[PDB]
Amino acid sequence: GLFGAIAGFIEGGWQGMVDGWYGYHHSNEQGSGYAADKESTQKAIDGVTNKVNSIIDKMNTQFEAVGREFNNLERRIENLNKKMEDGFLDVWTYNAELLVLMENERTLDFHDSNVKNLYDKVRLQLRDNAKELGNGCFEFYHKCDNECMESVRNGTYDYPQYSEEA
């Protein structure tokens, strides 16, 4: 949404990547393959799992509010019809449905942000040592083996080693 990566630059997800939610696809002398970012995936799983508890908690806390407001109503008015209960049930159902729609918007936006953040993590390691093709891919000026890919995914990439050629 705000930082749109899905419906942004890449034109689809990868079915070949089943290691995690986000990740990489390398291709070189040894051979190509998919692999997921262990750090961002693990953080995202622990981030969302609590988000579901807090959103369920949010929905419960104002079911009690809508209920408490009805309880105050019931004691005050002597002649209240059964149609009144439905009124408060609709009000809460409206808000229940609304709170799910809003949280689902953030969750898909949260992934779009994290995919965009992973892309920025990678480019700032490479800097001027790679081409930028403009479809979620980087092409190296230097030669990058499987051990060289390891250093990019993990976080400890060494720019000094590759001065255009190495």
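Note that residue numbering begins at 1 and tracks the sequence as displayed.
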| query | Going by the B-factors listed in the PDB entry, is the mean over the C-alpha atoms higher for 94-102 or for 131-139? | reply | 131-139
| task | Averaging the C-alpha B factors as listed in the entry, name the stretch that ends up higher: 110-118 or 53-61. | result | 110-118
| Going by what the PDB entry lists, where does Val48 fall on CA B-factor within its chain: lowest, middle or highest third? | highest
| request: Sort the modelled residues of this chain by their C-alpha B factor and say whether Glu69 lands in the lowest, middle or highest third. | output: lowest
| said: Looking at the temperature factor on the CA atom of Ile10, which third of the chain's modelled residues does it land in? | reply: middle
